[PDB]
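Examining the three-dimensional arrangement
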Amino acid sequence: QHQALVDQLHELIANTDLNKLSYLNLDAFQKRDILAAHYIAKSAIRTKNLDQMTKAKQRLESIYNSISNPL
């Protein structure tokens with residue numbers, strides 16, 4: 001479970017690289033949300049905090065889905 005979650009997080013982090021999301025015209029608040037989630041995700045992974053890893057996974061999944069799809 002731990003490794004599966006780390007892998008999911010790393011995939012989500014890779015898929016939410018701000019440079020690669022330029023074409024989506026994200027608002028500054030969305031960029032900041034992504035930057036914060038990346039910091040939290042990395043920090044949670046490094047410390048093996050499963051609850052915070054779960055939080056960050058749900059957050060990044062939600063963001064990636066919403067920015068990729070109709071308002």
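Residues numbered from 1 in each chain as written, not as in the entry; some residues may be left out. Heavy atoms only, no water.

As summarised from the PDB record, the model derives from X-ray crystallography at a stated resolution of 1.3010 Å.

1. Some details on helix α3 (residues 50-68)
If you check α3, its first and last C-alpha atoms are 27 Å apart, about what 19 residues at 1.5 Å a residue would give, namely 27 Å. Looking only at α3, the buried set comprises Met 53, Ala 56, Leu 60, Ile 63 and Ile 67. Considered in projection along α3, the buried side chains sweep an arc of 100° and stay on one side of the axis. Of the exposed residues in α3, the ones pointing more than 90 degrees away from its buried face are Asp 51 and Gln 58. The secondary structure elements touched by the buried residues of α3 are α1 (2-15) and α2 (28-46). (Helix = DSSP H or I, 4+ residues; strand = E, 2+ residues; numbered from the N terminus. Expected span 1.5 Å × (residues − 1). Buried < 20%, exposed > 50% of the residue type's maximum accessible area, 1.4 Å probe, protein only. Arc of directions from axis to C-beta. Contact = heavy atoms within 4.5 Å.)

2. Digging into the nonpolar core
Residues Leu 5, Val 6, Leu 9, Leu 12, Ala 37, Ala 41, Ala 44, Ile 45, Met 53, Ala 56 and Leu 60 constitute the largest nonpolar core, which totals eleven residues. When contributions to this core are tallied by element, the ones reaching two or more residues are α1, α2 and α3. Discounting residues that sit within four places of it in the chain, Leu 5 has contacts with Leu 50, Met 53, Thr 54 and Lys 57. The next biggest cluster of nonpolar side chains, apart from the first, holds five residues, and it includes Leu 21, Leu 26, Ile 34 and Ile 67. (Core = buried A, V, L, I, M, F, W, Y, C linked by side-chain atoms within 4.5 Å.)

3. Brief notes about the environment of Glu 11
As for its position among the elements, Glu 11 is in helix α1. Classification of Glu 11 by relative accessible area gives exposed; the value is 54%.

4. Examining the packing of α1 against α2
At a minimum axis separation of 11 Å, α1 and α2 run at an interaxial angle of 155°. The orientation of α1 relative to α2 falls into the category roughly antiparallel. The element α1 and its partner α2 pack so that their crossing is left-handed. When α1 is examined against α2, the residues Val 6, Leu 9, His 10 and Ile 13 are found in contact with a partner set consisting of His 38, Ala 41 and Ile 45. Its residues placed into classes, the contact of α1 with α2 shows five nonpolar, two polar and no charged. (Axes fitted to C-alpha atoms, helices over the stretch in contact; angles between N-to-C directions. Parallel < 35°, antiparallel > 145°, perpendicular 65-115°, else oblique. Left-handed = near helix turned anticlockwise from the far one by under 90°. Nonpolar A, V, L, I, M, F, W, Y, C, P; charged D, E, K, R; others polar.)

5. Focus: the pattern of salt bridges
Counting across every chain of the model gives two salt bridges. One salt bridge connects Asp 33 with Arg 59, and the closest N-O pair in it is separated by 3.3 Å. Within this pair, whereas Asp 33 is found in helix α2, its partner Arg 59 is found in helix α3, the two being separated by 26 residues in sequence. The class for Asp 33 is partly exposed, based on a relative accessible area of 27%. A relative accessible area of 37% places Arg 59 in the partly exposed class. (Salt bridge = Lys/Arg side-chain N within 4 Å of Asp/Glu carboxyl O.)

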